[PDB]
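Remarks on the structure that follows.
Where a number appears in this text, it was derived from the coordinates with a stated rule and is not lab data. Here the Cβ positions follow ideal geometry from the backbone for every residue, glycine too, while neighbour counts run over all protein chains shown.
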Amino acid sequence: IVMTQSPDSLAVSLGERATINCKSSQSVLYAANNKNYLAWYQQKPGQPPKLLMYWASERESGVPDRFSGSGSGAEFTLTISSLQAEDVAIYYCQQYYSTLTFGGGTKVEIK
Amino acid sequence: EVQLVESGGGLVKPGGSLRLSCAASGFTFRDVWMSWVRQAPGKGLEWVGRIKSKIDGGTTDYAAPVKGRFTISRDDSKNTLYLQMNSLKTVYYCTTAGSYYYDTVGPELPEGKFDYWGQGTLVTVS
Amino acid sequence: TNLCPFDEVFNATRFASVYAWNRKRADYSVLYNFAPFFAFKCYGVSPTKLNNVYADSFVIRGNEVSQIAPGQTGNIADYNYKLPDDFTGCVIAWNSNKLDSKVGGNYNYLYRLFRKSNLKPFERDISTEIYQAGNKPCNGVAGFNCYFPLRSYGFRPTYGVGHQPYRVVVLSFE
Ligand SMILES: *[C@@H]1O[C@H](CO)[C@@H](O)[C@H](O)[C@H]1NC(C)=O
């Protein structure tokens, strides 16, 4: 399943909204569960990445509310309320319905 | 405390064969569907493949661009994720990403993070 | 010394959903001893008297544990799991939020909301048929009365004991 981020490189200043749209070839949403199978990872330069959100809506523990996601069908979005100094990283929308396909990757940086 | 690191990268002439490893600790390794991803220098992460939990069959998946040349395995004594390489072609990140949604793990967590992400090992090809 | 899949069924690494309840075919004290319960007493049978068998393993909500009883009428009883009034079986549930609940909820677990034919007892309908028949089937979800037969309950630690998850094994000894 081909996964595509929007865009390949995103620029967001300090504290502004950071919306990253995701689009998939097949339909990720499970008809039975009535929810999607999506994740969102951010990768700081040089050290391990980290998980922002899961199920395209649920929030990682230990990280406050500025992380936000909402997806349905084959179209997904992760929106960040505020960007901080440590929040600067490069992002990878991921699906796990069949196999796992990290997309081209969206890198965000302070304007 | 959980930590994920890898080691063993270096320069190698194309056509050889070797194996790569990752180090894990501090979490229930058996239940999670750990996997390995790679990131070319200046490129994005490409899903090398997933090795599923033994309870879920232990089925191994791979991507088409790397199909037929790579193999991801597992061990329990060393808590080590492996990525052997065959027929090398001209940075690698062990992970547990994409696993929490299929594996059977309770809400208790080592700290509260159910993700685990490797340090990253750079492997260069001549 | 006797071994049965009851330990496998109860301590199952992953349980089955209600719409497709996992069906498998002595000493049964390990079932009641291993975990404290919110409701285990046999409905239609005697707790002490239990010690063809159909171990129907699935997860049900705490408020719905009473729903799995002979002659009981409700959402789980009418369509998901209908039980004969003259059936001798025990329903055994324990709050397993530590085991099968998940941070953010375990949504692998489903149940069948509505089947137009009131479900005959001991009958499983797995088909994903969109809600059946009616004046206009239309074969697709573009209006009312055509619902996917499946819905899932999230299973979170913050959920109340009524909404917390219980691994019920509706064993019907015959
Ligand atoms: C049954 O499951 C529980 C929790 O997973 C644990 O006690 C153990 O894994 C199982 N019991 C035994 C005796 O192995």
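Among DSSP beta bridges whose residues both lie in the protein assembly as shown, state the antiparallel percentage, nearest 5.
Numbers: 82 of 87 bridges.
Looking only at bridges with both residues in the protein assembly as shown, the antiparallel portion is about 95 percent.
Segment B:27-70: D in µm²/s via Stokes-Einstein (Kirkwood Rh, Cα pairs, 20 °C, 1.002 mPa s)? It diffuses with D of about 185 µm²/s by this estimate. One Cα centroid belongs to segment B:32-80, the other to segment C:1-74; the line between them spans 38 Å.
Just to verify a number: FRET efficiency for A:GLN47 and C:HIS163, C-beta to C-beta distance, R0 = 35 Å, to 0.05?
Values: r = 39 Å, r/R0 = 1.12.
Computed FRET efficiency for A:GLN47 and C:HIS163 comes out at 0.35.
Taking the Cβ of B:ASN86 as the centre, find all other residues whose Cβ is under 11 Å away and add up their charges (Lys, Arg: +1; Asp, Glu: -1). Could the numbers behind the result be given before it?
Values: positive: B:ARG19, B:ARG69, B:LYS89; negative: none.
Here the count lands on +3.
In segment A:3-106, the ratio of gyration radius to Kirkwood radius, Rg to Rh, stands at 0.95 when only Cα atoms are counted.
If you plug the beta carbon distance of A:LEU14 and C:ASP86 into 1/(1 + (r/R0)^6) with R0 = 60 Å, you get a FRET efficiency near 0.25. In angstrom, the C-alpha Rg and Dmax of segment C:1-90 are 13.2, 41.
Note on C:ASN52 and B:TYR102: with the Förster distance fixed at 41 Å, the Cβ-Cβ geometry gives a FRET efficiency of about 0.75. The string of couplings for segment A:26-34 from the Karplus curve (6.51, -1.76, 1.60, θ = phi - 60°) is 7, 9, 7, 4, 7, 4, 5, 5, 6 Hz, one whole number per residue in order, with x for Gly and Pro.
Against the empirical 2.2 N^0.38 Å scaling, what ratio does the C-alpha Rg of chain C come to? Please report the intermediate quantities before stating the final value.
Numbers: Rg = 16.7 Å, N = 174, 2.2 N^0.38 = 15.6 Å.
Taking the Cα Rg and dividing by 2.2 N^0.38 Å, one obtains 1.07.
Here the simple spin-label model places points 7 Å from the Cα toward Cβ, and for A:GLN26 and B:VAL5 these points are separated by 3.8 nm. Hydrodynamic estimate: the Kirkwood radius of the protein assembly as shown over Cα pairs, inserted into Stokes-Einstein at 20 °C and 1.002 mPa s, corresponds to D of 91 µm²/s.
Tally the DSSP beta bridges in chain A and give the antiparallel ones as a percent, rounded to 5.
Working: 32 of 35 bridges.
Once the DSSP bridges in chain A are tallied, antiparallel ones form about 90 percent.
Max-minus-min Cα coordinates of segment B:3-119 on each principal axis give 45, 28, 26 Å, with the largest extent listed first. Each stretch of four or more DSSP H residues adds -39500 (n - 2.57); spread over every residue of the protein assembly as shown, this sum gives -500 deg cm²/dmol at 222 nm.
Within chain B, what percent of beta bridges assigned by DSSP are antiparallel, to the nearest 5? Taking every DSSP beta bridge with both residues in chain B, the antiparallel ones total about 95 percent. Rounded, prolate or oblate: pick one for segment C:102-174, where a ≥ b ≥ c are the square roots of the eigenvalues of its C-alpha gyration tensor, a/c under 1.5 means rounded, and failing that, prolate if a/b is larger than b/c, else oblate. Taking the square roots of the gyration eigenvalues as a ≥ b ≥ c, segment C:102-174 is oblate.
Working note: Karplus 6.51/-1.76/1.60 with θ = phi - 60° gives segment B:51-63 the couplings 10, 7, 5, 4, 5, 8, x, x, 5, 9, 10, 8, 7 Hz, where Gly and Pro are set to x. Label positions at A:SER6 and C:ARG23, each projected 7 Å from the Cα along the C-beta direction, are separated by 4.6 nm.
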